[PDB]
Amino acid sequence: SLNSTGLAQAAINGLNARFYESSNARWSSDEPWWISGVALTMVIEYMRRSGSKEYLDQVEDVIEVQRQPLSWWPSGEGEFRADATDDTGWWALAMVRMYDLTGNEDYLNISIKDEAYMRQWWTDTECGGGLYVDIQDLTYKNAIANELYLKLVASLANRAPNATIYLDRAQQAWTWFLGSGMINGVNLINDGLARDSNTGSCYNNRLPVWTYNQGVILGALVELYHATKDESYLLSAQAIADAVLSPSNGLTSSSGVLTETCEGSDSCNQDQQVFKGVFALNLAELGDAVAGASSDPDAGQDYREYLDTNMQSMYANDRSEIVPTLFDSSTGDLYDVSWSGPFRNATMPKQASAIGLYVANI
Ligand SMILES: OC[C@H]1O[C@H](O)[C@@H](O)[C@@H](O)[C@@H]1O
Ligand SMILES: OC[C@H]1O[C@H](O)[C@@H](O)[C@@H](O)[C@@H]1O
Ligand SMILES: OC[C@H]1O[C@H](O)[C@@H](O)[C@@H](O)[C@@H]1O
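Residues numbered from 1 in each chain as written, not as in the entry; some residues may be left out. Chains lettered and ligands numbered in written order. Heavy atoms only, no water. Residues with missing side-chain atoms left out of burial classes, pairs and counts.

Structure determination for this PDB entry was carried out by X-ray crystallography, with a resolution of 1.95 Å recorded in the header.

What follows is the structure, encoded as structure tokens:
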């Protein structure tokens, strides 16, 4: 059988061999900065679930350089405060995991600065609540910036000294999210909200169902469960996960493999290429919480088998190896976007997603 710890570490090595820039303490400067945050999350999570510390020095290097004032958003004053609330949220959650890994309060402090910064763009005066994604524009309240925020405040309610302010925020933010209409009639989440021209009212914009918008929300509800021990949060999460797993909604193929809506047309762009592994990692958080919350030994079995089915398909059909040479002895695995379709080329977002799936299985 497959060793998910072995393959996660081979995929991180492939990630580093092809995409890490030592001079920049970052992966692929030609790819979006927020996806370096996701990749960092994936490496941190590998180390947490497996018990290894073989990438801790590198992670520390990336954090030290990427927490500097960003050259494209100096008014954020660094600490990952960026020109979009979702970019900030990806790094904030990575600093929550770093804290979980190390116990070092410095990482939790960054997460707390990031929550206060994102909150600046929460308004109650449009859509009854939620935050904007686009800090310079203030035109779009979307699913992912609001899921990241919700998962951040819920995480802080379990970890921060002023825990009860964060719990109140997370409970409010979840009430808002649920009432927004982004969760649609099959319990899947569309891309965001549109605003009515004459009336100011907000409604589900019916833009695509992206896998990472079915995933970050599960981590948030898991943290809400841990903050309250109220199983209602796990029941909502399981309804959203069960909808992804259902072939009738088209995110799961007849072969059982998680499939981005853009794959069929070979049109997944640099953002969409990372989406699936973010879902996988969050589905593993939900599986762990469900199985822990009950005495049934089959509890969470369906999520565990789903992740395992996907891992076997991705390893068998989507994987490629770096050619070792007489000089560069580096060894790792490389991955394309489709967890079932063929390997044609690796990119850093595709690779980060692949590590996510393996770490979900550790
Ligand atoms: O948004 C501004 C933009 O400028 C930088 O050069 C990049 O690294 C991006 O990922 C970032 O988002
Ligand atoms: O709600 C519709 C929404 O769709 C786009 O993808 C966004 O970039 C926004 O410009 C707009 O508000
Ligand atoms: O690629 C889809 C992705 O594009 C942009 O980053 C935003 O409109 C997000 O709301 C959306 O999920």
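> Hey, could you go over the overall build of the protein chain for me, with residue numbers and the actual values?
Regarding its fold elements, the protein chain presents 12 helices and six strands. What you see for the protein chain is a C-alpha radius of gyration of 19 Å, in line with the 21 Å of a compact globule of 362 residues. When the backbone C-alpha atoms are referred to their principal axes, the protein chain occupies close to 65 × 45 × 45 Å. Expressed as a percentage of contacts within the protein chain between residues at least 6 apart in sequence, the contacts between residues at least 24 apart total 64%. (Helix = DSSP H or I, 4+ residues; strand = E, 2+ residues; numbered from the N terminus. Rg over C-alpha atoms; globule rule 2.2 N^0.38 Å. Contact = heavy atoms within 4.5 Å.)

> A description of the pattern of salt bridges should follow, citing residues and the corresponding values.
Under the criterion given, the structure shown has 17 salt bridges. For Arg-49, the salt bridge is made with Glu-45, and the minimal N-O distance between the two is 3.6 Å. Here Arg-49 and its partner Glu-45 are both found in helix α2 (residues 33-50), four residues apart, which amounts to about one turn of the helix. Two residues, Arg-67 and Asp-106, come together in a salt bridge whose shortest N-O distance is 3.0 Å. Highlighted residues: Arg-67 in the loop between α3 (56-66) and α4 (85-102) and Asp-106 in helix α5 (residues 105-119), separated in sequence by 39 residues. (Salt bridge = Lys/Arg side-chain N within 4 Å of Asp/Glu carboxyl O.)

> Would you mind going over the packing of aromatic side chains in detail, with residue names and values included?
Counted under the stated rule, the structure contains 15 aromatic pairs. Measuring from centroid to centroid gives 5.5 Å for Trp-33 and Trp-72, while their planes differ by 75 degrees, and the two rings are edge-to-face. Placement of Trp-33 in helix α2 and of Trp-72 in the loop between α3 and α4 is noted, with a sequence separation of 39 residues between them. Overall, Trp-33 belongs to the buried group, its relative accessible area being 6%. When its relative accessible area of 36% is taken as the criterion, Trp-72 is described as partly exposed. The side chain of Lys-229 reaches across the aromatic face of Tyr-225, ending 5.5 Å from its centre. Note that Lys-276 overlies the ring of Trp-339, its terminal NZ or CZ placed 5.4 Å from the centroid. (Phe/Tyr/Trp six-rings, centres within 6.5 Å; stacked < 30°, edge-to-face > 60°. Buried < 20%, exposed > 50% of the residue type's maximum accessible area, 1.4 Å probe, protein only. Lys NZ or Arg CZ within 6 Å of the ring centre and 35° of its normal.)

> Tell me what's going on with the side chain of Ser-180, and back it up with residues and numbers.
Its place among the elements puts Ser-180 in helix α7 (residues 163-180). With relative accessibility at 11%, the residue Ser-180 sits in the buried group. At a separation of 2.6 Å, a polar atom in the side chain of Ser-180 contacts the main-chain carbonyl oxygen of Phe-177. (Polar contact = N/O pair within 3.5 Å; in protein donor to acceptor, adjacent residues only side chain to side chain.)

> Describe the side chain of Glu-115, listing the residues and the values that go with them.
Here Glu-115 lies in helix α5. Residue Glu-115 is classed as buried on the basis of its relative accessible area, which comes to 2%. A distance of 2.5 Å separates polar atoms of two side chains, one belonging to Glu-115 and the other to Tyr-149. Within polar-contact distance, the side chain of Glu-115 engages the side chain of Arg-169 at 2.8 Å. Non-local contacts of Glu-115, meaning those with residues more than four positions away in its chain, are made with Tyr-149, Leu-152, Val-153, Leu-156, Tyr-166 and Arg-169.

> An account of a negative patch on the surface is needed here, citing residue identities and associated values.
Taken together, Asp-242, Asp-296, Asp-298, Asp-302, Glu-305 and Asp-308 make up a surface patch of like negative charges. The dominant element in the negative patch, judged by the number of residues it contributes, is helix α11 (residues 301-317), at three residues. (Patch = residues over 30% accessible without salt bridge, like charges linked within 9 Å, V, L, I, M, F, W, Y side chains within 5 Å. Areas by Shrake-Rupley, 256 points an atom, 1.4 Å probe, with all protein chains shown as cover. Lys, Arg positive; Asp, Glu negative; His and termini not counted. Charge placed at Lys NZ, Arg CZ, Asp CG, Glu CD.)

> Tell me what's going on with the environment of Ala-92, and back it up with residues and numbers.
Along the polypeptide, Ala-92 turns up in helix α4. What makes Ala-92 buried here is its relative accessible area of 0%. Expressed as a C-alpha distance, the spacing of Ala-92 and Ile-110, which sit 18 residues apart in the sequence, is 7.0 Å. Once residues lying within four places of it in the same chain are set aside, the contact partners of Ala-92 are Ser-111, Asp-114 and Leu-152.

> Describe unusual backbone geometry, listing the residues and the values that go with them.
Residues other than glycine seldom take positive phi values, yet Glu-79 does so here, at roughly 55 degrees. Its location among the elements puts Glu-79 in the loop between α3 and α4. Classification of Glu-79 as buried rests on a relative accessible area of 12%. If you check the backbone angles, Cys-127 has positive phi at about 65 degrees while not being a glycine.

> A description of the site of ligand 2 should follow, citing residues and the corresponding values.
In the vicinity of ligand 2, the contacting residues are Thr-139, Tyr-140, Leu-193, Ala-194, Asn-205 and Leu-207. Separating an oxygen atom of ligand 2 from a backbone N or O atom of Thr-139 is a distance of 3.4 Å. Between ligand 2 and the protein, one listed contact pairs an oxygen atom with a backbone N or O atom of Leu-193 at 2.9 Å. When isolated, ligand 2 has an accessible area of 330 Å², and the protein chains bury 50% of it. Partitioning the shell around ligand 2 into residue classes produces four nonpolar, two polar and no charged. (Near = heavy atom within 4 Å. Nonpolar A, V, L, I, M, F, W, Y, C, P; charged D, E, K, R; others polar.)

> Lay out the site of ligand 3 in plain terms, naming residues and giving numbers.
Around ligand 3 sit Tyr-140, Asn-142, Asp-191, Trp-210, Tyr-212, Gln-272 and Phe-275, and that is every residue in its neighbourhood. One nitrogen or oxygen atom from the side chain of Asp-191 is found 2.6 Å from an oxygen atom belonging to ligand 3. Within the side chain of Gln-272, an N or O atom sits 2.8 Å from an oxygen atom of ligand 3. Coverage of ligand 3 by the protein amounts to 72% of the 320 Å² it exposes when considered alone. Each residue belonging to the shell around ligand 3 can be placed in one class, and the counts come to four nonpolar, two polar and one charged.

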